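Below is one structure; the comments refer to it alone.
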Amino acid sequence: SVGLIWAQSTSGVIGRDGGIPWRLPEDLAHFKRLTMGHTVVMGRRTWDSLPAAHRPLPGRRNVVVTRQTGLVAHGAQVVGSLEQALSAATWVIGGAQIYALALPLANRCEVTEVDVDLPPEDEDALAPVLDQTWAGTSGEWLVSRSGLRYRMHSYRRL
Ligand SMILES: NC(=O)c1ccc[n+]([C@@H]2O[C@H](COP(=O)([O-])OP(=O)(O)OC[C@H]3O[C@@H](n4cnc5c(N)ncnc54)[C@H](OP(=O)(O)O)[C@@H]3O)[C@@H](O)[C@H]2O)c1
Ligand SMILES: CCc1nc(N)nc(N)c1OCCCOc1cccc(C[C@H](C(=O)O)C(F)F)c1
Ligand SMILES: [Br-]
Ligand SMILES: [Br-]
Ligand SMILES: [Cl-]
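Counting from 1, one number per residue, gives the positions in the sequence shown under the numbering used here.
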């Protein structure tokens, strides 16, 4: 059982300049609630992107995928491939390169869509594209306490 979870702008951007280009508290609560107690699998750049006070992610087995040798990610397990990372319920938490690896092995995608306008720039990290082999159910557009509009989508593999 492999699930992907990500937050994207409407245009499909998930990352810019080594971080996430918006702040959405309700998404962090959603992310924490869905991943707590499970293994979280991430690419090395995404590990690097975690704020120090949240690295490693507490209450979850953190697995970092890299091509480096002897990489030290304190409090995490370091592996050399996605297959190694996956040997109950496992969540792949980004970024774009690791999503692209994990999508064919996944039965579930949990997407937060953030209604901000961010035209993709050259080096952006982009969300994977889901076709009609995926069955989605969406919540309503909601307004965060901070004022940003967002909505949750849950996709299962048909
Ligand atoms: N909005 C969201 O939901 C979300 C979620 C996660 C991350 N992000 C953002 O996305 C960006 C990071 O994503 P990214 O696509 O640049 O990077 P990434 O997928 O997190 O990590 C890329 C790294 O993964 C390793 N890697 C890639 N393919 C591999 C393979 N086949 N075997 C072994 N290791 C492999 C390499 O590590 P080495 O270079 O060490 O060899 C590579 O540099 C940041 O901006 C981050 O903030 C956003
Ligand atoms: C949280 C952004 C996000 N959103 C969805 N939907 N999917 C994702 N893959 C995703 O990026 C995961 C990589 C970044 O991760 C975090 C960075 C800072 C804080 C937290 C939450 C933290 C925790 O979880 O303890 C606590 F503050 F709540 C996660
Ligand atoms: Br963030
Ligand atoms: Br926040
Ligand atoms: Cl979407």
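Ideal Cβ positions, reconstructed from N, Cα and C, are used throughout, including at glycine.
When the Cβ atoms of the segment 86-101 are set against those of the segment 3-18, are three or more pairs found closer than 8 Å? yes
In chain order, each alpha helix (DSSP H) run of at least 4 residues that lies wholly inside the segment 68-123: 82-85 and 96-102
Between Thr-66, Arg-145, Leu-126 and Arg-108, which lies nearest to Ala-135 when the distance is taken from Cα to Cα? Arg-108
If we ignore side chains and look at the alpha-carbon of each, how far apart do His-38 and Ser-87 end up? 14 Å
Quick one: measure Cβ to Cβ for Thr-46 and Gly-95, integer angstroms, because I've assumed they're closer than 8 Å. 5 Å
Measuring CB to CB, does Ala-85 end up less than 8 Å from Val-65? yes
For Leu-142, list the residues DSSP reports as bridge partners. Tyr-150
Per DSSP, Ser-9 forms a beta bridge with which residues? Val-114
Could you check whether the Cβ of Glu-113 sits closer than 7 Å to any heavy atom belonging to ligand 5? yes
Any 3 or more C-beta pairs closer than 8 Å across the segment 137-144 and the segment 23-34: yes
Whose CA, out of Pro-119, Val-79 and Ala-106, lies closest to the CA of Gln-68? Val-79
In chain order, what residues of the same chain lie with their CB nearer than 6 Å to the CB of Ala-76, ignoring the 5 residues before and after it? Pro-56, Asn-62 and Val-64
Give the secondary structure of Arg-61 by DSSP, where H, G and I count as helix, E and B as strand, and everything else as coil. coil
So, helix, strand or coil for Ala-29, using DSSP? helix
Let's test the definition: count the other Cβ atoms within 10 Å of the Cβ of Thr-112 and tell me whether it reaches 16, buried, or not, exposed. buried
Whole angstroms are fine: how far does the CA of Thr-90 sit from the CA of residue 175? Nothing can be reported for residue 175, as the shown portion of the chain is limited to 1 through 158.
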